[PDB]
Amino acid sequence: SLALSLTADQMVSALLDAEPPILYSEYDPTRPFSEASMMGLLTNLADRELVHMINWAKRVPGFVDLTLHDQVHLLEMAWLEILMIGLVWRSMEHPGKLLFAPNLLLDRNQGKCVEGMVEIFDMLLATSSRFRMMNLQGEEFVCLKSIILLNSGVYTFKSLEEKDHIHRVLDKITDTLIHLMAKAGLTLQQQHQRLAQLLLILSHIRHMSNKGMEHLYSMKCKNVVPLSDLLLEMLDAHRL
Amino acid sequence: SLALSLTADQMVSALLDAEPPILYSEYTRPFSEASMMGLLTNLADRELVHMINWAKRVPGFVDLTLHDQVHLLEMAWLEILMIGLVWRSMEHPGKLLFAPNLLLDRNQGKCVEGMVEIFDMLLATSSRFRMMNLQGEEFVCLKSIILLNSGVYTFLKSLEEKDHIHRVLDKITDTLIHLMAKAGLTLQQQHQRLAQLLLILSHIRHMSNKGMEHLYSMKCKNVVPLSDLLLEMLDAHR
Amino acid sequence: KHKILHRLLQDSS
Amino acid sequence: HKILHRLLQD
Ligand SMILES: CCOc1ccc(/C(=C(/CC)c2ccc(O)cc2)c2ccc(O)cc2)cc1
Ligand SMILES: CCOc1ccc(/C(=C(/CC)c2ccc(O)cc2)c2ccc(O)cc2)cc1
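Each value, and the rule that gives it
- Residues numbered from 1 in each chain as written, not as in the entry; some residues may be left out.
- Chains lettered and ligands numbered in written order.
- Heavy atoms only, no water.
- Residues with missing side-chain atoms left out of burial classes, pairs and counts.
- Contact = heavy atoms within 4.5 Å.
- Nonpolar A, V, L, I, M, F, W, Y, C, P; charged D, E, K, R; others polar.
- Helix = DSSP H or I, 4+ residues; strand = E, 2+ residues; numbered from the N terminus.
- Near = heavy atom within 4 Å.
- Polar contact = N/O pair within 3.5 Å; in protein donor to acceptor, adjacent residues only side chain to side chain.
- Areas by Shrake-Rupley, 256 points an atom, 1.4 Å probe, with all protein chains shown as cover.
- Axes fitted to C-alpha atoms, helices over the stretch in contact; angles between N-to-C directions.
- Parallel < 35°, antiparallel > 145°, perpendicular 65-115°, else oblique.
- Left-handed = near helix turned anticlockwise from the far one by under 90°.
- Salt bridge = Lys/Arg side-chain N within 4 Å of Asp/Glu carboxyl O.
- Buried < 20%, exposed > 50% of the residue type's maximum accessible area, 1.4 Å probe, protein only.
- Pairing = 2+ DSSP bridges.
- UniProt positions renumbered as here; feature names shortened; annotations may be inferred.

As stated in the entry header, the method of structure determination is X-ray crystallography and the reported resolution is 2.102 Å.

Colleague: Provide a residue-level description of the interface of chain D and chain A, including the pertinent values.
Modeller: Across the boundary between the two partners, chain D contributes 8 residues, which contact 13 residues of chain A. Among the residues making up the side of chain D that touches chain A, the classes are represented as 4 nonpolar, 2 polar and 2 charged.

Colleague: How would you explain unusual backbone geometry if you had to name every residue and give the values?
Modeller: For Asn 135 of chain A, which is not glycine, the phi torsion reads 55° and is therefore positive. Position of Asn 135 of chain A among the secondary structure elements: in the loop between helix 5 (117-134) and helix 6 (138-151).

Colleague: Got a sec to walk through the site of ligand 2? Specific residues and values, please.
Modeller: Residues and elements named next belong to chain B. In the neighbourhood of ligand 2, 19 residues make up the surrounding shell, with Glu 47, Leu 81, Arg 88, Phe 98 and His 214 lying closest. The side chain of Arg 88 places a nitrogen or oxygen atom 3.2 Å from an oxygen atom of ligand 2. Expressed as a share of its isolated accessible area of 580 Å², the protein-covered part of ligand 2 is 99%. Where the shell around ligand 2 is concerned, the elements lending two or more residues are helix 2 (33-55), helix 4 (77-89), helix 5 (115-132) and helix 8 (187-215).

Colleague: Break down the packing of helix 8 (residues 188-219) of chain A against helix 7 (residues 159-182) of chain B for me, with residues and values.
Modeller: At a minimum axis separation of 9 Å, helix 8 of chain A and helix 7 of chain B run at an interaxial angle of 115°. By the criterion of interaxial angle, the relationship of helix 8 of chain A to helix 7 of chain B is roughly perpendicular. The crossing of helix 8 of chain A and helix 7 of chain B is right-handed. Mapping the contact onto sequence places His 192, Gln 193, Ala 196, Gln 197 and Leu 200 of chain A in helix 8 of chain A and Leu 169, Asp 170, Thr 173, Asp 174 and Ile 177 of chain B in helix 7 of chain B. Of the residues that constitute the contact of helix 8 of chain A with helix 7 of chain B, the class distribution is 4 nonpolar, 4 polar and 2 charged.

Colleague: Could you give an account of the site of ligand 1, with specific residues and numbers?
Modeller: Residue and element names in this part refer to chain A. Close to ligand 1 lie 19 residues; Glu 49, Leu 83, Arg 90, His 215 and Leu 216 are nearest. Within the side chain of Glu 49, one N or O atom sits 2.5 Å away from an oxygen atom of ligand 1. The contact in question runs from an oxygen atom of ligand 1 to an N or O atom on the side chain of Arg 90, over 2.9 Å. Taking 590 Å² as the accessible area of ligand 1 by itself, protein coverage stands at 99%. Of the residues assigned to the shell around ligand 1, the class counts are 14 nonpolar, 3 polar and 2 charged.

Colleague: So, the pattern of salt bridges: which residues are in play, and what are the values?
Modeller: Residues and elements named next belong to chain A. Across all of its chains, the model carries 17 salt bridges over all chains by this definition. With a closest N to O distance of 2.8 Å, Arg 108 and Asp 122 form a salt bridge. Of this pair, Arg 108 sits in helix 4 (residues 108-111) while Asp 122 sits in helix 5, and the two are 14 residues apart along the sequence. A relative accessible area of 33% places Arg 108 in the partly exposed class. Across the pair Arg 194 and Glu 140 runs a salt bridge whose closest N-O atoms are separated by 2.8 Å. Pair check on accessibility: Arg 194 and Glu 140 agree, each one buried.

Colleague: A description of the pairing of strand 1 (residues 97-101) of chain A should follow, citing residues and the corresponding values.
Modeller: Residues and elements named next belong to chain A. Among the 5 residues in strand 1, 4 count as buried, and that is most of the element. Note that strand 1 and strand 2 (residues 104-107) share 4 bridges and pair antiparallel. Among the inter-strand pairings, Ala 101 is bridged to a residue of strand 2, identified as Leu 104. In this structure, the hairpin formed by strand 1 and strand 2 is closed by a connection of 2 residues.

Colleague: So what about the arrangement of the chains? Which residues, and what values?
Modeller: Among 3 pairs of chains with at least one contact, chains A and B form the most extensive contact set. Structurally, chain A and chain C remain out of contact, their C-alpha atoms never closer than 23 Å. Regarding chain B and chain D, which are not in contact, the minimum distance between any of their C-alpha atoms is 22 Å.

Colleague: Residue-level account of the UniProt feature "binding site: 17beta-estradiol" in chain B, with values.
Modeller: Here the UniProt-annotated "binding site: 17beta-estradiol" positions come out as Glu 47, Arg 88 and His 214 of chain B. Within the fold, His 214 of chain B resides in helix 8. Given the relative accessible area of 15%, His 214 of chain B is considered buried. Sequence-distant contacts of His 214 of chain B, defined by excluding residues within four places in its chain, comprise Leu 240 of chain A together with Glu 113, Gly 114 and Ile 118 of chain B.

Given below as structure tokens:
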């Protein structure tokens, strides 16, 4: 497997180069927001981001080695965490605001348009703020995002040998993160402290995903906005 | 503060002595849906009282206001119950050790609708802890991390105490590394293992969240009797 | 201060 | 047969 033979620098470069582009929203400034039209915009955006995500995942070292079933399962588990960590990353330099798109920058009061969304906004805002205070670097961000992809569904799996392969790749991404922190000049103690802070943030991202999944499902069952067939099936994957 | 001045060995010693007791179930009878949840809720309720006295012995926790203490426990209590259950079940492949007299195999989870899905996730975590050969010293560190972490990003003068909980979290991180160095792990192995342990906390969060939504679905559907305390704890995730 | 959890967090031991 | 499954092939 080509992935385990990568150097740390080669792991970073490949991840930086596989980054999806920042997409624009269908935001129309000629009309006011309603709950339905705000959700329409976000869902439409998310739907387009997903197609770029699927192709990004194919470029994450080790991901192609898995069977189609395992690939499907990992993306079904992580997709919303991955959209959220992107959003938080984009929003870093915009205190108090979430940059869904370059033409869609929203503060928490614009979140209140949608029943129950301001709570999610608040959590995303606080995470963006945490990344800002930590001075998260892009190289660290793409490692984290790749960790989410491989980790979030791995506990819900000779498919034990592929499960072992995923754990090997995760160890390489750990080595990569540490390599980056050392190269930035942090002491050894700062390295493993910083490593822990970043990974513990992944628990909060999981949390946000799970609360987000629950609100999207309730909106789907109230017909607030039409959902693409793809989004329906991804949402379906979390059903219980 | 006492917590920040502790050595890593003193930290482990403190956490070990703070450990709650293992309790027995109020389990000759046949199981059914109301029966088993009855057992689980009564057990959870009694574990909760001991958890609170345990939290007050986690170094740093006493330094926080009652508001903050209440908030951390409300976010963390099911994650703590679950990591506890998982730890206890480590050496019982395929089974969950709720209590010494309440050892439930996977299939018995089908007694309650939707619960076998939670069992499976718990069994997988246990299997994971088994493979890593998780140590008791590491386990009490993870449980402390959950308490302090699971509510921290969910918070004027309060910036000074988030900052305190983060200094404590770094000390616990320092403690995990100390334990790994003492076991002879290489530097590279220490970082890798640390990451393996913290990433399982994401799955523990996932389980709590899915568990809470089931429990929030049976506080509505008025089936099992929930004690006042669990009722309060449950409504925090509203 | 009226939650049970409140009450428990002061008379702990 | 899932859309996701199809899209992962390209
Ligand atoms: C079928 C599912 O369709 C959707 C709809 C909305 C979202 C996003 C958010 C974050 C605010 C959201 C989540 C849950 C909720 O209840 C409200 C809002 C979102 C995040 C990042 C991003 O880049 C784009 C969009 C994701 C998927
Ligand atoms: C509010 C009190 O109601 C409950 C009921 C059950 C549980 C436990 C589980 C894991 C099997 C559970 C969680 C959620 C769900 O939907 C089914 C089952 C549980 C975990 C560890 C432990 O030591 C004791 C019990 C916790 C609290």
